[PDB]
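A lone chain, given as structure tokens: the form solved without (chloromethyl)benzene (9CL).
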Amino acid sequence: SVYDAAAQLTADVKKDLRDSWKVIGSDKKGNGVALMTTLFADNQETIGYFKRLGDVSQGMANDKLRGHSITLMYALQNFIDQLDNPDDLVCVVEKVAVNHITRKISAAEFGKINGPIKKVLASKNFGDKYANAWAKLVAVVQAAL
């Protein structure tokens, strides 16, 4: 269950999540857009899903993409803040899950975000240990998809 996946996040994992978020979460506009642009660059097959955003190749100049990217970073902020209470983490995770289920996004497709996250983390010198921690958090959402 989603609860099982959340309850499985250890103190060490939460520590790495919080430490890395202190940095990548400090520039939501910059890192948020970087995350989306990396997703489109390495997984071009996902571009079609974001037609509402218009031409995503415009990057920062695209107001719809910028608004989307910043908002996505607050969803992650939400997750990070609820880490110590699995009950609260689960209900916010399920909220995000529903928004993607309605778009026909499978658990496997949702996991495509791990690549971009790893690269963005690496840009700030956060290695594999941190990428693995984030994959565990993403896995919590996948449990609901």
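Start at 1 and count along the sequence shown; that's the residue number.
What follows is about the form solved in complex with (chloromethyl)benzene (9CL), which we do not show.
**Student:** Can you work out whether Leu9 and (chloromethyl)benzene (9CL) are in contact in the bound PDB entry, taking contact to mean some heavy atom pair no more than 4.5 Å apart?
**Tutor:** Looking in the bound PDB entry, residue contacts with (chloromethyl)benzene (9CL) do not include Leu9, since no heavy atom lies within 4.5 Å.
**Student:** Check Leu83 for me: does it contact (chloromethyl)benzene (9CL) in the bound PDB entry (non-hydrogen atoms, 4.5 angstroms)?
**Tutor:** No, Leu83 is distant from the partner.
**Student:** In the bound PDB entry, is there a heavy atom of (chloromethyl)benzene (9CL) that lies within 4.5 Å of any heavy atom of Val120, even though the partner is absent here?
**Tutor:** Flag for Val120 set to yes.
**Student:** Would you please decide whether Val56 lies within 4.5 angstroms of (chloromethyl)benzene (9CL) in the bound PDB entry, comparing each non-hydrogen atom pair?
**Tutor:** Although (chloromethyl)benzene (9CL) is absent here, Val56 would stay clear of it in the bound PDB entry, with no heavy atoms inside 4.5 Å.
**Student:** Scan 124-145 and write down, in order along the chain, each residue with a heavy atom lying within 4.5 Å of (chloromethyl)benzene (9CL) in the bound PDB entry.
**Tutor:** Read in sequence order, the lone residue that approaches (chloromethyl)benzene (9CL) (within 4.5 Å, in the bound PDB entry) is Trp134.
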